[PDB]
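Student: Listed in order, the protein sequences are those of chains BJ, BV, BW, BC, BR and BA. With the first letter of the first sequence counted as 1, position 25 gets the number 86 in the entry's author numbering; the numbers rise by one all the way through. With the first letter of the second sequence counted as 1, position 46 gets the number 46 in the entry's author numbering; the numbers rise by one all the way through. With the first letter of the third sequence counted as 1, position 23 gets the number 24 in the entry's author numbering; the numbers rise by one all the way through. With the first letter of the fourth sequence counted as 1, position 66 gets the number 99 in the entry's author numbering; the numbers rise by one all the way through. Mapped onto the entry's author numbering, the consecutive letters of the fifth sequence carry residue numbers 2 to 91, 95 to 125. With the first letter of the sixth sequence counted as 1, position 171 gets the number 172 in the entry's author numbering; the numbers rise by one all the way through. C-beta atoms are modelled at their ideal positions from N, C-alpha and C, and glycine is treated no differently. This is the structure I want to talk about, given as structure tokens.
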Amino acid sequence: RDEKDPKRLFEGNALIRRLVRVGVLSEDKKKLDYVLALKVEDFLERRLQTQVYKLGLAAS
Amino acid sequence: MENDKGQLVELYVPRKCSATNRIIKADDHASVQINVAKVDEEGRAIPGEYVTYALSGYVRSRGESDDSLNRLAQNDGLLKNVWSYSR
Amino acid sequence: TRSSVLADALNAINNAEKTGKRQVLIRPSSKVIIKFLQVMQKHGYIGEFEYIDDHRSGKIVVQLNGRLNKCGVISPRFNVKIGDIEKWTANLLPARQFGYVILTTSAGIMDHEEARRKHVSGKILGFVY
Amino acid sequence: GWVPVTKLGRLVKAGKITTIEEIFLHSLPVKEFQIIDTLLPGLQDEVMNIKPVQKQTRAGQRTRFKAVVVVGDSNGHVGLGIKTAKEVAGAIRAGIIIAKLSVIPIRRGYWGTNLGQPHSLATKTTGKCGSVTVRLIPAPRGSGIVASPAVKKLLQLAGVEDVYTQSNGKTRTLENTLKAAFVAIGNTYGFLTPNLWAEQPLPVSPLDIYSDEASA
Amino acid sequence: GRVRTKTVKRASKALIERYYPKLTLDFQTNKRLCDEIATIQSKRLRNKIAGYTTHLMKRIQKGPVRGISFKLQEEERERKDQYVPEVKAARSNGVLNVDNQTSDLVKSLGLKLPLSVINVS
Amino acid sequence: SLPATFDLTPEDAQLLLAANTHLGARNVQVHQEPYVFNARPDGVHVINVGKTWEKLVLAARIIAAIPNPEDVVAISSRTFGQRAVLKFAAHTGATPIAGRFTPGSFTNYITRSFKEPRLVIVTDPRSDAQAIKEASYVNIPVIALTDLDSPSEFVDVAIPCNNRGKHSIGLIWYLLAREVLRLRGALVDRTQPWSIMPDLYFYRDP
RNA sequence: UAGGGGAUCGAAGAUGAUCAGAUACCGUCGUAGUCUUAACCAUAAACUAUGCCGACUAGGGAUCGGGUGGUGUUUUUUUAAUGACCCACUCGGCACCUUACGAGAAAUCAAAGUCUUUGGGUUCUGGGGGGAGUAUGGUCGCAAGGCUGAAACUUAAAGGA
Numbered sequence: 062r063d064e065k066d067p068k069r070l071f072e073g074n075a076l077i078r079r080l081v082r083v084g085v086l087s088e089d090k091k092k093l094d095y096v097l098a099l100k101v102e103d104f105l106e107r108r109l110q111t112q113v114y115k116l117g118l119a120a121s
Numbered sequence: 001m002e003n004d005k006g007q008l009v010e011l012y013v014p015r016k017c018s019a020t021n022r023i024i025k026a027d028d029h030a031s032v033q034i035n036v037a038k039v040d041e042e043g044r045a046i047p048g049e050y051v052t053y054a055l056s057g058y059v060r061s062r063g064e065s066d067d068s069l070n071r072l073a074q075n076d077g078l079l080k081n082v083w084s085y086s087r
Numbered sequence: 002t003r004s005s006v007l008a009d010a011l012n013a014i015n016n017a018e019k020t021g022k023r024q025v026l027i028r029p030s031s032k033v034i035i036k037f038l039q040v041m042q043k044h045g046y047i048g049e050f051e052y053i054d055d056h057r058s059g060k061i062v063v064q065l066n067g068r069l070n071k072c073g074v075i076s077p078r079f080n081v082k083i084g085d086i087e088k089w090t091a092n093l094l095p096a097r098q099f100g101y102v103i104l105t106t107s108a109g110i111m112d113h114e115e116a117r118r119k120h121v122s123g124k125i126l127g128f129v130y
Numbered sequence: 034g035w036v037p038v039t040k041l042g043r044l045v046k047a048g049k050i051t052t053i054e055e056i057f058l059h060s061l062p063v064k065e066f067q068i069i070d071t072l073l074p075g076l077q078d079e080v081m082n083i084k085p086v087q088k089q090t091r092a093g094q095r096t097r098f099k100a101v102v103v104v105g106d107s108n109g110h111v112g113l114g115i116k117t118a119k120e121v122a123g124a125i126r127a128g129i130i131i132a133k134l135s136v137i138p139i140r141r142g143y144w145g146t147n148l149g150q151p152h153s154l155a156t157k158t159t160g161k162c163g164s165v166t167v168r169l170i171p172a173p174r175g176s177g178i179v180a181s182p183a184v185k186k187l188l189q190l191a192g193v194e195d196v197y198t199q200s201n202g203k204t205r206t207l208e209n210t211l212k213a214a215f216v217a218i219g220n221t222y223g224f225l226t227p228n229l230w231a232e233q234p235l236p237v238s239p240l241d242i243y244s245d246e247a248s249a
Numbered sequence: 002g003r004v005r006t007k008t009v010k011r012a013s014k015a016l017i018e019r020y021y022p023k024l025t026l027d028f029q030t031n032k033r034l035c036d037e038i039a040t041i042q043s044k045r046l047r048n049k050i051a052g053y054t055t056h057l058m059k060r061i062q063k064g065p066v067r068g069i070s071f072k073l074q075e076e077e078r079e080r081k082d083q084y085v086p087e088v089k090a091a095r096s097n098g099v100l101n102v103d104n105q106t107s108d109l110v111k112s113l114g115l116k117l118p119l120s121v122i123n124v125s
Numbered sequence: 002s003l004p005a006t007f008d009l010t011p012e013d014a015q016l017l018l019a020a021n022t023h024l025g026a027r028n029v030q031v032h033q034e035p036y037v038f039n040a041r042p043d044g045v046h047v048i049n050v051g052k053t054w055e056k057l058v059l060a061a062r063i064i065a066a067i068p069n070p071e072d073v074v075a076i077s078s079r080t081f082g083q084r085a086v087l088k089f090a091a092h093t094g095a096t097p098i099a100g101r102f103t104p105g106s107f108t109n110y111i112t113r114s115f116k117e118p119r120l121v122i123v124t125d126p127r128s129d130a131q132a133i134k135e136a137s138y139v140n141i142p143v144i145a146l147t148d149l150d151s152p153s154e155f156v157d158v159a160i161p162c163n164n165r166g167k168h169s170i171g172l173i174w175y176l177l178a179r180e181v182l183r184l185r186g187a188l189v190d191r192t193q194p195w196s197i198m199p200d201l202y203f204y205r206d207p
């Protein structure tokens, strides 16, 4: 927005915590900022498809 | 130019003509930087100690420089006359 | 004619400075302009600047640094709402950081970042970098 | 063998100079090419376009094969040149060098939100050749490399990572296009933002600091 | 014609540098010599090198010929160099001539002028 | 720098009245010289007759700028000259360059008699047109020896005389030097004469 | 279109030349027109084949018009005075050189630059080649004609450097 304006924080702090719940981005990175450095490839590890693999119970 | 935590984050800081506080952008050739000099209290050239200053290319082309220095070592603290801020 | 003032002198100031003139002279003096420079100056972009009066609409010397990159007049003078400047910066400021767009309210013949601390907006004459 | 030539060559063989940022500070020339071989090894090549011409003789049509070559690493360092030649195997080759004397910094930096570790440019730049106009613009994070296959290419090698672009600009001219774009990034450095103004105070030139090694 | 060649000239012009001294014009004494020095193809080629040389030492003597010097002509230029004695000292007309408008700056600049000058076309 | 006698003494109206240096020219007074005493009703410009001791001897401290006078030359290509500029080259510093100037000799690394100076000079700025230009270049101050006749753009000071034949071209440098030397060098400080003539100084052969 | 003018050129017309033909080139004459008053027409390669406003980028040396300063060049008349001149500076031209950081298909361009990093203000125009700026209507003109402006049909190139 500025920084500090009601809307920006609220979403950020609601936005963020939606991604902390899905593991997507860390704890330690969430300033906001930063969620941007998230490429396709991070999401994929948090798909059940693969989280099984890692919890091995699956050959490949 | 710098980070959140005092880390100069750059390739370098550009050097800037000394009378013209533009920029000197890598591959200039035209490009000079002077090393006049000082006397010691005596017809003896003082060694390992000198002035500096730094011409763009910019102005080599325009006649300029001769009159730009003749502002500056009169304007600094060596020369007397030739030059006038009131033409 | 000369149909508009601020413009005329400004252009010569981005045509002094380009060539490395250390300064300028400009003719028709306004309040408008006096104010304009007084903004520019606060922000580190020129210095001093030594009105001269002659009982006339008058002449103004503006001593240089060689910093100025560029200060076009905008120019109908459009209108503007608060949350709208957020369109301008990025359509005529290289960055954001920096480098002030600049406008005319009520206070104020005063840029946008100061405008936040005031929360006001009207018409947007020149801009610096 | 290398071997050397000029005052500038000799120095870097010996290694009285270390980094490429010596050399753009005092802003030297560069004639020899090994001069940035020893230094930057990171360097990798890439071939953009191999086209035939032609200078048309009395019972025939002569040909060469413009290549055009781009070089660099990730860190703010581009290289660019264009050596026709005949047969490919001079034509690329002594393109690759053509580019290497033309290495040129860049001045990756911030969008806004300062944060930690440069991704985009510092500012808006433009370039012009004959027809093309390039308007690079700093974009926030991994937004992307918004442009033609080739521009992406240039701009990767030069990391840089993210930045909006736009053309004008006949960009079936792969050659006048790159010519241009290049002449803009090489020009980030050739643009006073407040954060420079703090007057730096001139070092001393290599050309008489290691004056003796520099000669027989 | 009779018009000389590179291989030849540029073989005598390289030679003439070192060997001006053994150096001659009886060319039949160079011919022999011009083998002990160059490592020449042929007999014909060789007889056309020295022909040229003798066209150098027959004009060298006559004077300063061009773009060729051999440590002997260049030391008669530090020997011919220098001259006029006395240097410039006016007595004879003493007062040194000083346009008569040559009194203002140097009345606004020194110490002693022994000057010459046009009371006013 | 006001001193004492560099000041006119008992002879500086006697010796240039037989040689003409107050004189100007025909129907010609060039906007580019304070460097014309009036201007008479019968012929001809009576060059101001007090200000050549103002910008022919700026013209002597400016150097004093040489650590090494053979750089302090004399520029030319005339006939009456090749016997005063050759010659300014002998009695002190300077390569003479009359006759061949040597074009470039100040443009451009590719020639013969090699130049890289910091105040050269220049007889006829109509004969010496390349200290005004070989200077409007890059960084080579110049000094024209500015008759009623000398494009003044870029030969930044005045050096007036008269050249319509006769002597004073050569016999005028003489004064650049004497008085450059009486700042720095080896001669002597009102007078104890000066051992040549202004009637060595003229021709060598017609 | 109607009066005046009608030297010279000179479509048209006649000619003699050349030529296989020559209604053209070459030559000599020649109304009309060129010229003017008063009234029409409104097209042009009306050409920088480059809309104007603006604002910003990189050097120069010329010139026209101003203006400012230099105990500046002559004018000499007694010193000035102006005036021409020289130079210094500038604002406004009319261009030019040189670079290319840029742009371009290129040739080249201080603007055709600041355009895939795509956006300062707004008016006209074009969307393959022809058919055709025709046929049509509608309209301005006395007429020549202009402005407006189709389609059917045909075609894999026409074109730029």
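Do you know offhand how far residue 37 of chain BA's Cα is from residue 75 of chain BW's?
Tutor: 54 Å
Student: What would DSSP say about residue 42 of chain BC, mapped onto helix, strand or coil?
Tutor: helix
Student: Roughly how many whole angstroms lie between the Cα atoms of residue 74 of chain BV and residue 44 of chain BV?
Tutor: 20 Å
Student: According to DSSP, simplified to helix, strand and coil, what is residue 114 of chain BW?
Tutor: helix
Student: State the Cα-Cα distance for the pair residue 23 of chain BW and residue 220 of chain BC, rounded to the nearest angstrom.
Tutor: 23 Å
Student: Counting only the same chain and skipping the five closest in sequence on each side, list residues whose C-beta sits under 8 Å from that of residue 64 of chain BW.
Tutor: Once the five neighbours on either side are set aside, the close Cβ partners of residue 64 of chain BW are 23, 24, 47, 48, 49, 50, 51.
Student: Between residue 126 of chain BR and residue 17 of chain BA, how many whole angstroms is the CB-CB distance? I'm expecting something under 8 Å.
Tutor: Look at the range of chain BR in this structure, 2 to 125, and you will see that residue 126 of chain BR is not part of it.
Student: Provide the residue span of the beta strand (DSSP E) that contains residue 77 of chain BC, from first to last.
Tutor: 77-80
Student: Tell me whether the beta-carbon of residue 56 of chain BV lies closer than 8 Å to the beta-carbon of residue 24 of chain BV.
Tutor: yes
Student: Assuming residue 115 of chain BR and residue 7 of chain BA are in contact, meaning their beta carbons sit under 8 Å apart, how far apart are those beta carbons, in whole angstroms?
Tutor: Confirmed, Cβ separation roughly 7 Å.
Student: Kindly indicate if chain BC contains any beta-carbon less than 8 Å away from that of residue 76 of chain BV.
Tutor: no
Student: Assign residue 108 of chain BJ to one of two classes, buried (16 or more other C-beta atoms within 10 Å of its C-beta) or exposed (fewer than that).
Tutor: Flag for residue 108 of chain BJ reads exposed.
Student: Quick check: the stretch 164-183 of chain BC against the stretch 102-116 of chain BJ, are there 3 or more CB pairs under 8 Å?
Tutor: no
Student: So residue 155 of chain BA contacts chain BV; which residues on that side make the cut at Cβ distance below 8 Å?
Tutor: Ordered by position in chain BV, the residues that pass the 8 Å Cβ test against residue 155 of chain BA are 63.
Student: Output the distance between the C-alpha atoms of residue 192 of chain BC and residue 206 of chain BC, rounded to the nearest integer angstrom.
Tutor: Spanning the two alpha carbons is a distance of roughly 24 Å.
Student: From which residue to which residue does the alpha helix (DSSP H) around residue 113 of chain BC run?
Tutor: Looking at the DSSP string, residue 113 of chain BC is not in any alpha helix (DSSP H); the run it does join, the beta strand (DSSP E), is 111-114.
Student: Return helix, strand or coil for residue 8 of chain BV, following the three-state DSSP convention.
Tutor: strand
Student: Check whether chain BC comes within 8 Å of residue 70 of chain BW, counting only Cβ atoms and requiring the distance to be less than that.
Tutor: yes
Student: Within the 8 Å Cβ cut-off, does residue 81 of chain BR reach chain BA?
Tutor: no
Student: Taking the CB atoms as reference points, tell me whether residue 78 of chain BA and residue 128 of chain BA lie closer together than 8 Å.
Tutor: yes
Student: Beta-carbon within less than 6 Å of residue 119 of chain BC's beta-carbon, same chain only, minus the 5 sequence neighbours each way: which residues are those?
Tutor: Contacts found: 97.
Student: Which residues bound the alpha helix (DSSP H) around residue 101 of chain BJ?
Tutor: 101-106
Student: Looking at the unbroken beta strand (DSSP E) that takes in residue 103 of chain BC, where does it start and where does it end?
Tutor: 102-105
Student: Interface residues of chain BV around residue 16 of chain BW at Cβ under 7 Å?
Tutor: Neighbours of residue 16 of chain BW on chain BV: none; closest Cβ ~15 Å, over 7 Å.
Student: Can you look up residue 142 of chain BC in the DSSP assignment and give me helix, strand or coil?
Tutor: strand
Student: Would a check of beta-carbon distances place residue 151 of chain BC closer than 8 Å to chain BW?
Tutor: no
Student: Quick check on DSSP: helix, strand or coil for residue 65 of chain BC?
Tutor: Residue state, collapsed to three classes: coil.
Student: Between the Cα of residue 72 of chain BW and those of BW:90, BW:10, BW:129, spot the shortest distance and give me the residue it belongs to.
Tutor: Distance from the Cα of residue 72 of chain BW is smallest, within the candidate group BW:90, BW:10, BW:129, for BW:129.
Student: DSSP beta-bridge partners for residue 167 of chain BC?
Tutor: BC:160
Student: So, does the stretch 93-111 of chain BC touch the stretch 139-152 of chain BC, judging by three or more C-beta pairs under 8 Å?
Tutor: The stretch 93-111 of chain BC and the stretch 139-152 of chain BC touch, with no fewer than 3 CB-CB distances between them shorter than 8 Å.
Student: Of the choices BR:16, BR:110, BR:98, whose alpha-carbon is the least far from that of residue 57 of chain BR?
Tutor: BR:16
Student: From BV:59, BV:84, BV:79, pick the residue whose C-alpha is nearest to that of residue 21 of chain BW; which is it?
Tutor: BV:59
Student: Quick one: what's residue 32 of chain BV bridged to in DSSP?
Tutor: BV:55
Student: Output the distance between the C-alpha atoms of residue 169 of chain BC and residue 188 of chain BC, rounded to the nearest integer angstrom.
Tutor: 10 Å
Student: Spatial neighbours of residue 87 of chain BC within its chain, please: CB distance less than 8 Å, with the 5 preceding and 5 following residues excluded, ordered by chain position.
Tutor: Apart from sequence neighbours up to five positions away, the residues of its chain that approach residue 87 of chain BC with a beta-carbon distance below 8 Å are 94, 95, 96, 97, ordered along the chain.
Student: Does residue 85 of chain BC come within less than 8 Å of chain BW when only Cβ atoms are used?
Tutor: no
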